[PDB]
Structures are given as structure tokens and as C-alpha cells.
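Enquirer: experimental structure and sequence below.
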Amino acid sequence: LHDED
Amino acid sequence: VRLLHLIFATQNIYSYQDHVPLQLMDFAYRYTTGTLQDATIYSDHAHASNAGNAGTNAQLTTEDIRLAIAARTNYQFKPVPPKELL
Amino acid sequence: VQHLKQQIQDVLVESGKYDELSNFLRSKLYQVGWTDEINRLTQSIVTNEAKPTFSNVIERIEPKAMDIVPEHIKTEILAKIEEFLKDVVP
Amino acid sequence: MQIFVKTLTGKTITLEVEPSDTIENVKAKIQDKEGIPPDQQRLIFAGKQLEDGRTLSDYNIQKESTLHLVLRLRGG
Amino acid sequence: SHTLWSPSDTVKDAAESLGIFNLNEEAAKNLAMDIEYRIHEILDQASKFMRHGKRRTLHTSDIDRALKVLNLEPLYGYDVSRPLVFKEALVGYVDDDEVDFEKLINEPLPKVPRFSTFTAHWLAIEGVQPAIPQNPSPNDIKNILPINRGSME
Amino acid sequence: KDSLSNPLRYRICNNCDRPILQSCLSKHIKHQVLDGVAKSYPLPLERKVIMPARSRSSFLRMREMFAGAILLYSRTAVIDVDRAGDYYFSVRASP
Amino acid sequence: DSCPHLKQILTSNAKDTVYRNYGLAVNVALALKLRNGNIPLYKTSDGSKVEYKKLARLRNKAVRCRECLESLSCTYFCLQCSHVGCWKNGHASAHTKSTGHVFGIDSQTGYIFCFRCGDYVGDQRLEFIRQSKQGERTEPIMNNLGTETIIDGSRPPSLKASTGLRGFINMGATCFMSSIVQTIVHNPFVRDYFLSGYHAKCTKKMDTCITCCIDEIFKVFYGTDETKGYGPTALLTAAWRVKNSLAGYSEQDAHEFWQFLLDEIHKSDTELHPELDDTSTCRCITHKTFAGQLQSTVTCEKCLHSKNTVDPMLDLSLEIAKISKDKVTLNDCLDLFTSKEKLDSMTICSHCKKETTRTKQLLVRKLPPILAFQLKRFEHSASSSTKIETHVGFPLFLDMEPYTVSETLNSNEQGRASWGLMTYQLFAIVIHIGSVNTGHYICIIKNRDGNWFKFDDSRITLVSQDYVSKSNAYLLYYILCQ
Amino acid sequence: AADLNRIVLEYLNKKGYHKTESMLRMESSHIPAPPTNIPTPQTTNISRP
Amino acid sequence: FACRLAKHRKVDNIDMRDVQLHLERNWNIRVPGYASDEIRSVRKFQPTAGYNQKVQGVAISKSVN
Amino acid sequence: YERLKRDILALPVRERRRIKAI
Amino acid sequence: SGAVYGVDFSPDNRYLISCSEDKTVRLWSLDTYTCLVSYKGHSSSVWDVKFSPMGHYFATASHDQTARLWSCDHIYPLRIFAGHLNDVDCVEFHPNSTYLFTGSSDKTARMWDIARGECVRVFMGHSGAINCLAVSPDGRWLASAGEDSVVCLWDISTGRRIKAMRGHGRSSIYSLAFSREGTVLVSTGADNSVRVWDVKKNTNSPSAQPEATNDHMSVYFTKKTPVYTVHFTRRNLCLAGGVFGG
Amino acid sequence: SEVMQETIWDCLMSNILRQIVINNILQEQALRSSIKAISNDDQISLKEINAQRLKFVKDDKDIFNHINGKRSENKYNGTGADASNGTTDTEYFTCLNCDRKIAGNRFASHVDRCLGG
């Protein structure tokens, strides 16, 4: 997953 | 081998380069050597080897070959489409 | 002169070999579907051009109908005509 | 006399019969060999189905004649 | 037997080359079955790589990649140049020999071809196809009629 | 000869509507074998099926939960201790 | 529309001279004449014996151009002299410009060509029936008020009855009947027997006589008569009076119904004779059109070929069980039928006294004008019967060459290949959808101009040949052509 | 062909929220769209990313 | 794989010593412990006469003939 | 090539084995 | 690292994207001719990578029997689409840019909602593979090109092909394209020929304009060159690309 | 020999083509003169040649319409009853043996019981 979520 | 050309004919690919039949036959030889080698190991395993306990006599039924192949396809040979997982 | 062709045909008819060529060609053309293909092509051209005028219809059928003859029929009947000629021409 | 029956598979079998033997009897002999009951058999000779109560001689069936065995395909 | 790849001699050659004696026949039938299936398997994968290179004459890179994607070991030592022979040999037949060896020194230099540069022209102005520039004439009447079909213009 | 060369040639009687053949009108007024064989359809012996423990475990768990709740009794296979090694097996299908 | 140059001629004695010259010209191409220069004698070829006789052959006296001397099929025999000109080099056209003789007869077909128009004269009804000798009966044959006041008069077919194409409504389970009846009324030999009125020897009525019911189906389908369903209803009433099971209440076999109709036609021809004909050799429509003969050979292990038996057949029933598991063709079915068997029977050879298992073979001894085939689409198992539903590829043209007696016996001999091509054309198919005990029957027929039609009780529809050849054939109907 | 119609109609019979009414509308997957137009920049405005 | 390889032993029973072999064979995990099962065979590369006959035959085809 | 290929395959005695695998 | 199988341009035309068999997707500038980003979420070879008609979002097709829709800012995928029993040969976006059309070697075609993930429609036929797809600008029409050599025109709502253009001999069809206004399309193949097809011969807008099968205006042959693509310009003309010279 | 042989084949081929075309042109000229409003020939229920621009009798690619373009019952639609638009189920025949209107699909079963008498 990417950082912001 | 001419029969390899005959097998090529099944898939509409009559444009080979003549190195392919050598190569794929070499491959199948290698593959089946390994297969019926470890199947022979398993035929020994049913014959209860160690550093001297009994003899080694060969029958090599189909079940042993099935075992020796399922281990290979455990880590090879692109399997059935795993749709549900995906 | 150009009577060579007629004289050969006269030999082929009188010898009985013209019948054998004509029957063989017809038996092959019927069996490979050519006879019913020409009939369908003739009906299609009549509709396309809106005419049953024989002379006008024949000119669009006959080139196409000659071309529809399978290679196998054409070269087999040719080889048989050639063999009968090989016997009577120097 | 001997006659023949070309069975469902095309295999030909032989029967020992008299000219006077009835069609029922013939069908019984075919059943013994082929295992098809008589009411399921259609026996054809010379373009006709052979009818129970008639004899082989009624149909001009002679020595070494061949009968043709079929079944029925029903449709509406 | 069952299928192609007659296991009476092929699989027999394999096993008797290993050093066994007892391979039941039906086993070798089933083995022929398996190796033929593996052949069709690899062959379709290399076809998938073939029709991305948008070519037809399948080369060896196709099957090499097709191995690399099946988590299967590669196969080295098959160069396009120095072509094949399949020389004969007889025994009291086997039709196998390779007499392409016995080298001692090589000192040849490969020659570089031109770079890939493109040649534009003009074709099909407003429906009509010129034959004057780099184009064909009506020579496709000589082509094989299943191939290059149709002509309306 | 050539029965389908042209349509049936006939005329209709205007008194009784019968179709009449022309000859009846006046009286009525008064090698490759191996290509065909090479259809082997080879098979393998065994195929793998990528199926982890987690997916099938959650599936089976929730399955038997609902099965015991609504209506062993679940939909299960049946394998014999003998003659196994085959590839497809029958089913109990007990409701 | 009509040719104005011919219309100008057709005014009295000039019309009659044109009638005579067409009738004289057609006579040397008519199969049924003593003047016929090609076509009387058929043996190992359709065109042998006649076609090429030096004195009076069709090839040198009608297919030979006068001007260039070539033998070309496209030639025209003149109406105003004995000259013959070809199409290809324009020589018939050259004659029409030079001598003014503008009408020619096509030597292959008899058709009249007008070289001023550049077309065939095909539309004139007189011209067409004149060649078949009706020119002198033309005024009674024609429909005029002066026929209708005192005598019957004839009209051309109506547009929607001309080809006989009409549905037969299902009356319960009558698809086995409907499919067979459509094959029968589109069979040319049967159609021409009915339209010629050969059943004018009859016991009288469609209530009681099965052949009269079939005649009423022809009249209703191709002409104008009582009501569209009337002849099929009369056939059902007559079928009930002879055999309730085949009268359409319950599902039944199509082949059994085919044999039933042909036998009842044969019985009608027998009943209307003034004395009893022997059968075989019967002279009825059934036994001159569908009747062939097998030769059942017995070959002993010294190669003594006796005693051979001769078995009459109206159809051949062919096994498809091998064929279903092999290359799926009709030819392979025929090869199974004509295969050699070594039997289970008691054998004593007269010539050598060997008691070895005899070789039996079935071969065709006499071929019929119409060849009917039944494919045995059924097999018998462990106290049950099932249907063989497998596709079987049938050709549109069928050569019966390797299935005839004596060909097999000439293989390897000096007389090898002495039997010629015998080529049938496919004209009808009956198909079955469903199992061995329940289903439905559809007929497919072919007529003139190569057209194929599909008959599904009341529903008639046009169909291409390439969809017909994909059908699961049960019964196949083949008519001799060459 | 018709077997597919048979089987899918039996399916939709089993799907309780597919009655006989709307199952036939489900069989209207053989009527296509109407001929529509391209949005020229005469009337229809642009849209944002 | 262990349970399958135990059923292979033609005795419908428990699984022991098949795990050690499966580990030593497919993965590269040896366990120097409880079971002691090795190959015992050099896996010789010559059965009776006829194979080495083919060897020498293709050898002479290579060298001279 | 296909016809010649099948003919050469028949040149080998394994044409019988090829014929049985239908 | 590996061979390149697909490339696509930015409609603002200062960037460039390029997929390979080394399960990378990569981004380049065009004012310095330089990479900026790498992308990795794929388990096997990526065949074709195509942008959105607007920009910002791009999609890829692979041999892992799945397709991933990317953005350009975020480095790992946003959505993953899984409905193929074999390899996803090609990917394309419908002109609204809210749909994706995958086509595969399983002889089937599919449609996806980028937000939903799951397949709105499936089209089946075309005995053989698939290689290239196209969309007509107005939103009814997709083109299926495959080894079978028969172009098939599909209608999204029907799920059944409106037309079955027949031609092109017996060879793979590698590429194709529509017009500016959907009046005409173009196929482009490996039988060394390009083939303009009319499209409105029997459709819901039957433009006929009167005086092997029809819907075939003209065929332009080449000098033994298999052809690989096209690009209709703004104007009347096409622009082609082939190989092999003579 | 080849040129003479092609010439012989061409004379055989052209004569055969001309014979077939003459038969076709004459038949169709006769049908057009006889029926000026010709839309369909007599034809048969079995499909003839595949549809062309001179296809007579209504040909339906969809397999649903007969030679006059009318529906028979190739659609098993309906409302669960009265379905078929009324094919043979809603047809009747007057039986002359008993003076009754009989449903057409029941004529055979009616005949067996009626002709008993």
C-alpha cells in the first residue's frame, strides 16, 4: 500500500 | 525428428527454424530422466535406502511416476488458471 | 494451318476418346459442386443485372465459371487430353 | 436351409430355417443370438418388413438370402 | 499404444539409457502422454511470445523465454548460425550423429549492419494505389489464393 | 435424365384443377487416413491447483456455519482408502 | 418482352414449318426416340456406343461447326437449312448476317436462339410444348372461351403452386408422415407418374384408395382443388383403414412409413391390372424406380464363388457404429456394408470338400434409378436401445462405383477398372431430432435451379446447401444422373 | 444454442428475485442502442479532469 | 506430499519418515536426526549389452563411419 | 510438404503405430 | 531489462510510457529525454500499456491473467481486474474514460468499471486468439482483431457482434483503427496488406451510398511487408508503419 | 501439345458453361414473362440456393419466417398460455364424418374414435 490511505 | 514436424502441424506453426526440434527433444529427455529417476527412488522407498539393509529391485508402476511428477509441478509448469484466488 | 485442332477433335470423337474426356470432366465437375455453383452464380448475375438476356448474362458468368474449375479437375483432365494427343502428334 | 441376417452392427449371422418357418420363429432365433426382443426387431427383405404370422416362403426368401435387421426410431 | 511419441523405443531409449530394465509398458504409454502434453504447453507459451514480436517464424528466444516463465530451467547452447545436419548412422538406422566439432583456434570478426532507419513513401492517395514508387503491380494473382485474399479497388 | 434441369413441366385443367403432365393432356380432355487418425488429444498425469489454506479455510468455515444454521450434512466429497490416486471423485450431497 | 422476329413468323403455315423444324431438331436428342443420336445405349459410360458413331453422331453432325470444323458444345442447328454454326468464333452469327436465317437450335439442350435479338426464345408456351409433340393439339390445349363452352381447357400453373411447396399441419404426431410425403411429392419420377395420370385405371375414390389420396395431395399442392389440407386428411383416413398405428396418432418410424406407402402404391398397381403380374419382375412405378438387387456371394477357401444369391431391395439400411468412431462419412458406411465377413455358418464346399468358415460379401447387382438409404441410428445394449446421434457426412453427388458386384473381383486382374463412374445426385434428406422412443422429423428437399427447402410440418423455408449438409441425416434420397 | 436458453431460463427461475416478467426483459439483450450523435462543441460544454 | 507418499507405501497407515525425505528432496532442508534414509544406489548408467553397442556405433559414425 | 511429410512418415515402419492412435 | 511490447504517449505530449516483460512500467520525460519513475505491481510480462484519453490514469495488460489500472502520481496500482482463464493480450479505454476493454487468448473479450473492478459485459466468438482492439468515438462500437483473421465489430449494450467483416486471407490481424467520426475503420495485418472497411453497411445507421464478403471498400497491398499499426491524423489521411522492406 | 490440350479443354468448358447459362436464362425469362409480379417461385419447403439478390421466396437468416415472410411458430414466447400467436393449437378442421369442428392438432386422434362408428 502507499503511504497515505 | 520428422514426427516433431508432424506435431508442429497441430498448431498451425509451419515456420520453424530447425533448432527447435533438437532443443525440445533434448528437453523432454532431461525432464523424463529426472522424473523416472526420483520415481525409482520412491519405488526403493516402498521396498523397506540406508547403509545396507536390503536389496533394490525395480518395477516402476504408474503411481510412482505420478508421485515424481506431482513434486515437479509443485514448483513448475504453469497450473490451471487460479481464478478464485485472484 | 488452323485445321489442326478440328482434325484432332475428329480423331478424338471417332476413336471414342472424346466421350471418355467429356464424361470424365462432367462427372468430376458435378461431384466437386461446380455445376450447382455455376447455376447459383447465373441466378445471382440475373438478379444483379436485372436481366435474363442470354448474351449479357453469359459475358459475366463465363469468365467466373471457367475460374471456379478446381485445379485438380483442370490439371487432371488436361493431363488425360495431353496423353491422348501424345499418341497421335509428332 | 441356411439364410443370413445382417445385424445392427453390420455383422452377418446365419440361421437354419425351413421355407415354412414363420416370422415369429425367425425373430426368436435372432433374439437367441443378438439379444433383441422380437417386438423390437424390424426385419426387412426386398423392401418389405416381415410380418408375424407369415412364412419365409411368403416373401420368397430362399437359401442364402439375406435379411436386414433394424430397430425403430419413433417421432411425432 | 496411446498417442504420438511411440514409447516402445523413445521412453525405452530413455530408461535403458538411465540403467533400468523394468518399465512396464502402460507406464511408458502414460509417460509419452505427459511429455507430449508438456510439449503442447511450452509450445503455446512460446506462441504467445511469438505474436507479440508480431512475427511468424518462431525462433529459439521464444521457447527460451517460455521456459523462463514456467519457473523451469533454461537451455543453453543453441546458436542460429552453424546450421544442423542430422547425419545418419546404422547399427545391426538410428539416424543420429553430429560431426560439427574439432576446432582449435578462432580469430573471426563480426561485421555490423546498418542502423534501423525508415523509408517513407506515398501510397494510396485517394483510393488508387500507384505502382510507380515502391509498390506492387498486379502480381498477387500469382499469390497463393488462401493467402492475401480479396481485391475490390 | 437431369430430373432437376428445369421445373416440373405441366398445365392445369380449367375444369377440375388437376395438374397434368404434357403427355397426359390430350387424353384427359377426351495417406489422408493418417491425418484423420492424428487426433491424439494428449493429457498430463497430474495438475497443480493454486489454493492456499486461508481462502479455503474461511470459505469452509463460513460454509459449515450457515449449513448448520439454516437446515456430515454439508456438501462433501467421498474418497475410498483404496483405488485412490485418481483425479475426480464422487460426492455425498447429503441434505 | 417476347421476340418480335418470331412473332412476325407465327401466323399460319410459317408457324407450322417452325413447329416441324423444332420437332425434327429435338428428335435426335430425345431419349425416347428411334432418331436419337446420343443417349439410347448406356453401358460402362453414360455417353458410350452412341455420341460418336461415324455416320450420324451428335458430335460430328450437330456439335461440329460448318465454317471452322471444330467440335464445340456451343453450336446452333439452323431452322432454314442444314447448316450448323458455333458460338465461340461467331460463325452462327456470321451465317445469320450472310443468309438472313436468324433462328438456331442449341445442340446441347434444344433451345431456340434468335440472333437478331441476341437471346434465347424461352417465354413462348407453344415453343416449349411444341418440341414434345403438342403443336397439333395447341388449340384444344389452350384456354379460350371456345374451349370452356364445350371442352376442358388448360392454363399454366399459378405462381404460388408452381413448385408444389406447401406445409402440412401436424395433426397429432404426423411429422413422420409429413416428412416422407414431402420427399414423395418432390420426387420427379413419382410427380411425373401422378401428373401423367397413370392411376386413371383406378377403383375411384380418395376415401378408400391410398394412391388416390396421394394423387389428391399432388392436385391440391401443384394445382387448384378442394382445400389445402384435404389430400393429407384423405391420406390419414385411408392410412387408418389399413393400419391405425401409422395413421398419425402416435410417434412412429419414418422408414417404416416410407416402405408402407411404396407397398400400398404397388398393391394399387397390382389390384388394377386385368391379370396378375409376377412380382418381381413387376412393372409398377415402385419396382421400376426404387427397386435394385444385391448379390450375396459365398466364397469358399478354394476361391469357389458359388452359390451366389440375388436379393431384391427398395432401399439399403447402413450401419453407422464404426463410422461414428472413425472419419464420419457416408462412403465409409458403404465400405462397411460391402466388406467381407468370415461367417459362423456350416459350410461344405462342393469343389474341394473344405469345411472352413465361408467368406460372405454383399455387393450391388442392380442399381435403382432412385437410391434410398436408411442410416441405422440405433444400437442395442444391456436390455435397452439407444439412438446413435453422431453426424455422418454425406456428399451432394454420390458415386456408387466401388460398391457394385464384379468390380471387387476384377481388382488385380486384367479387367481392373472395367466398372465405370455411376453418379447419383442428392435430392432429399429426412432428419430426426430426439431419442430412440420420442422426437420429431424434418424433411429437406432439393428442386430445379439448385434450391433447397426445409419442411417442418406447416413451416416451409428456403435453406442453403451448406446448412443442409450439416444435418443429422436418417434417410437419404439419391437420384441417378450419370 | 437453445440449450443455453433452457439452462439460463431455469437459472433465472431459481433466482427468486428474477420472476417471469423481468426474465424476459433479461432476454432483451438483442436490441441494440439507438444511433446517437457526437458531442460537437456547439452546445455541450467541456468537463474537468 | 507426505501423506501421499505414505499411501504410496501400499499400507494405509500413519505418515512418518516421509517428511524427512520430502524435505531432503524437494526443498534443500536436511535434518541430521531421527530418520536415516538415503539413496543407496549409484544409479549406474549401463544396463546389459545393446546400449553401449549404440554408444560405440554412433561413436564410429562420429569418428569415421 | 504435408503430403510428402506423411509419405516419409509412412517410409518408417511406424506408420502402423501412427494408424492405431485414432 | 527485457523486451518491449507496448509504448504509449501522453496527450499533452511531454511524457512517455513503456511496458516490458521484466514486469516494469516506466515513465519518461520529453524535454530532457530522461526517466523519472518506475512502477511495479505485476507478477509477469506486461504486453500493452495505454493512457486515459484525458491523462493522469494509465492501464497495463499481462501474462498473469490479470490487468492493473495505475495513476501516474501513486506508484502502486489502484485497482486490479481478474476474469481471464488465460493471458490478457490487449487493454483499451472507452472515450468517456470510465471503462476498460481487455481481450485475451481464451477467445473472449471483457469490459470493466475502473472503480468497481468487476466485469460489466463479456463478448465471445472468434475461434482463435485476440491481439488488438479499437473504440469508435461515439460510444457504441469496439473492434476485435485476432489470429482467426475475421474482424468483428461489437456493440457494448448487445454483447453480440453487430457485424462480422470477412477478409484478410488466413493471417493474424495486428492493428486497426476507426475514423475521426466513426464513418470508416481500417484493419492492418500480417498478410502483407491493409484493408479499409466501411462500417455502416448494415448497422443502425445504414449509410450505403450505392452506384469473401462485403463491407470492404478497398485493399492496398505492400511490398512483402507485414504491417504493424496505423494512426488516423486529424485530417483525411492515415499514417502507417511496417517492416521488412522487400 | 499443351496449347492444343488447353484449347480442347476450353472448348469442353465453354460449351458446358454456355449450356448451363442457356438453361438458366430461358427458365428465368419464362418465369418473368409468365409472372410479371414474380416475388417468389413455387420453390420447396427445403431451402434452395443460399440467399442472393435474385433470391425468390422469403429467406430469413434468423430462421423464423416462412417463404411468404410470415411467422409459423419459431418463437416459444407468449404469456404462458395462448402462446405461439395461435399456430396449430388454435386451428380447427371440419370433420365430414361427424360434422364437428375439430382442433387441427387432434384430427388424427379424433379420426380413430370417429371413423369407428
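Expert: Structure's in. What do you need? Residues are numbered from 1 along each chain as shown, chains lettered A, B, ... in the order given.
Enquirer: residue G:141 contacts residue F:11, doesn't it?
Expert: Yes - taking CB atoms under 8 Å as the definition, residue G:141 is a contact partner of residue F:11 at 7.0 Å. C-betas here are computed from N, CA, C, even on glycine.
Enquirer: more neighbours, the two?
Expert: residue F:11 (26 against 22; other CB atoms under 10 Å in any protein chain shown).
Enquirer: where's the more buried one, which helix or strand?
Expert: Secondary structure assignment for residue F:11, by DSSP states H and E: strand F:10-13.
Enquirer: next secondary structure after that strand?
Expert: Scanning onward from strand F:10-13 (DSSP H and E), the first element met is strand F:19-21.
Enquirer: elements contacting that following strand?
Expert: Counting by 3 or more CB pairs under 8 Å, 6 or more residues apart in numbering or on different chains; DSSP states H and E, the packing neighbours recorded for strand F:19-21 are strand F:10-13, helix G:188-195, helix G:210-222.
Enquirer: can I get the shortest one as CSV, trimmed to CA atoms?
Expert: Going back to what we said before, that points to strand F:10-13. As requested, C-alpha coordinates have been extracted for strand F:10-13 and formatted as CSV (Å, rounded to 0.1, in the frame of the first residue of the first chain):
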residue,chain,number,x,y,z
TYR,F,10,-47.3,-29.2,-66.6
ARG,F,11,-50.6,-27.4,-67.3
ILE,F,12,-53.6,-27.2,-65.1
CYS,F,13,-57.1,-28.3,-66.4
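Enquirer: give me the distance from it to the chain's centre.
Expert: 49 Å (CA atoms, centre = their mean, to the nearest Å).
Enquirer: report whether that strand contacts chain L.
Expert: No - counting by CB under 8 Å from any CB of the partner chain, chain L is not contacted by strand F:10-13; separation bottoms out at 11.1 Å.
Enquirer: all the helices of the chain, residue numbers only.
Expert: The chain I'm using is chain B. For chain B, applying DSSP state H gives helices covering B:2-8, B:20-46, B:62-72.
Enquirer: could you do chain J instead?
Expert: Listed in chain order (using DSSP H), the helices of chain J are J:2-10, J:15-20.
Enquirer: mind listing what's buried in the shortest one?
Expert: Across helix J:15-20, burial judged by 16 or more other CB atoms under 10 Å in any protein chain shown covers residue J:18.
Enquirer: please save the CA atoms from that helix in PDB.
Expert: Extracted in PDB, the C-alpha atoms of helix J:15-20 (Å, rounded to 0.1, in the frame of the first residue of the first chain):
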ATOM      1  CA  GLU J  15       3.100 -46.000 -40.000                       C
ATOM      2  CA  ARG J  16       1.100 -48.900 -38.400                       C
ATOM      3  CA  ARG J  17       1.600 -47.400 -34.900                       C
ATOM      4  CA  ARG J  18       0.600 -44.000 -36.300                       C
ATOM      5  CA  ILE J  19      -2.600 -45.500 -37.800                       C
ATOM      6  CA  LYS J  20      -3.700 -47.000 -34.400                       C
END
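Enquirer: re earlier: any idea which of the helices of chain B is most buried?
Expert: The densest packing among those, expressed as mean neighbour count by mean count of other CB atoms under 10 Å in any protein chain shown, is seen in helix B:62-72 with a mean of 21.
Enquirer: find the nearest non-adjacent residue to residue G:439, please.
Expert: In space, not counting the residues next to it along the chain, residue G:439 is nearest to residue D:75; the distance is 4.1 Å by CB to CB, 6 or more residues apart in numbering or on different chains.
Enquirer: cool, and residue G:322?
Expert: Counting by CB to CB, 6+ apart, the nearest residue to residue G:322 once its immediate chain neighbours are dropped is residue G:336, at 5.5 Å.
Enquirer: counting neighbours, what do you get for the one you found?
Expert: When counting by other CB under 10 Å, one arrives at 17 neighbours for residue G:336.
Enquirer: wait, does stretch K:183-191 contact chain B?
Expert: No - for a cut-off given as CB under 8 Å from any CB, stretch K:183-191 has no contacts with chain B; the smallest distance is 11.5 Å.
Enquirer: same thing with stretch J:6-22?
Expert: Yes - contact of stretch J:6-22 with chain B is found when judged by CB under 8 Å from any CB, involving J:6, J:8-9.
Enquirer: tell me how many other residues surround the residue nearest to residue G:439.
Expert: For residue D:75, the neighbour count with other CB under 10 Å is 26.
Enquirer: which residues does it contact?
Expert: The neighbours of residue D:75, taking CB atoms under 8 Å, 6 or more residues apart in numbering or on different chains as the test, are G:173, G:175-176, G:251-254, G:432, G:434, G:438-441.
Enquirer: ok, and the most crowded of the residues of stretch J:6-22 next to chain B?
Expert: Going through those with other CB under 10 Å as the criterion, the one with the most neighbours is residue J:6, at 21 neighbours.
Enquirer: against chain I, how distant is that one?
Expert: The span separating residue J:6 from chain I equals 28 Å under the rule CB to the nearest CB, to the nearest Å.
Enquirer: surely that residue meets residue F:31?
Expert: Yes - when contacts are counted by CB under 8 Å, residue J:6 is listed as touching residue F:31 (6.7 Å).
Enquirer: now the residue in chain L that chain I sits nearest to, nearest residue through space, not along the chain?
Expert: When CB to the nearest CB is the measure, chain L has its nearest residue to chain I at residue L:2, with 48.0 Å between them. Among residues not flanking residue L:2 along the chain, residue C:82 sits closest, at 6.9 Å (CB to CB, 6+ apart).
Enquirer: who's in contact with the helix or strand where the one you found lies?
Expert: In this assignment (DSSP H and E), residue C:82 forms part of helix C:71-86. Residues outside helix C:71-86 that contact it (CB under 8 Å, 6+ apart): C:8, C:12, C:17, C:21, C:24-25, C:28-29, C:32, C:34, L:1-2, L:4-6, L:8-9, L:12.
Enquirer: flag every buried residue along that helix.
Expert: Within helix C:71-86, the residues that count as buried by 16+ other CB under 10 Å are C:73-74, C:77, C:80-82, C:84-85.
Enquirer: how about the residues of chain L by chain F?
Expert: For chain L, the residues in contact with chain F (CB under 8 Å from any CB) are L:23, L:27, L:41-42.
Enquirer: check chain H too.
Expert: Residues of chain H lying close to chain F (CB under 8 Å from any CB): none.
Enquirer: which residue is nearest the centroid of chain H?
Expert: The residue at the geometric middle of chain H, judged as the C-alpha nearest the mean C-alpha position with CA atoms, centre = their mean, is residue H:29 (5.1 Å).
Enquirer: test my guess that it contacts residue K:123.
Expert: No - counting by CB under 8 Å, residue K:123 is not a contact partner of residue H:29; they are 11.6 Å apart.
Enquirer: of the contacts of residue D:75 - the most surrounded one?
Expert: Neighbour tally across the contacts of residue D:75 (other CB under 10 Å): the maximum, 31 neighbours, falls on residue G:441.
Enquirer: so who does residue K:182 touch?
Expert: When the contact criterion is CB under 8 Å, 6+ apart, the partners of residue K:182 are H:38, K:136-138, K:141, K:199.
Enquirer: mind putting those into JSON lines with neighbour count and secondary structure?
Expert: What follows is these, written out as JSON lines (neighbours: other CB atoms under 10 Å in any protein chain shown; DSSP: H, G, I helix; E, B strand; the rest coil):
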{"residue": "H:38", "neighbour count": "13", "secondary structure": "coil"}
{"residue": "K:136", "neighbour count": "22", "secondary structure": "coil"}
{"residue": "K:137", "neighbour count": "15", "secondary structure": "coil"}
{"residue": "K:138", "neighbour count": "17", "secondary structure": "coil"}
{"residue": "K:141", "neighbour count": "21", "secondary structure": "strand"}
{"residue": "K:199", "neighbour count": "24", "secondary structure": "coil"}
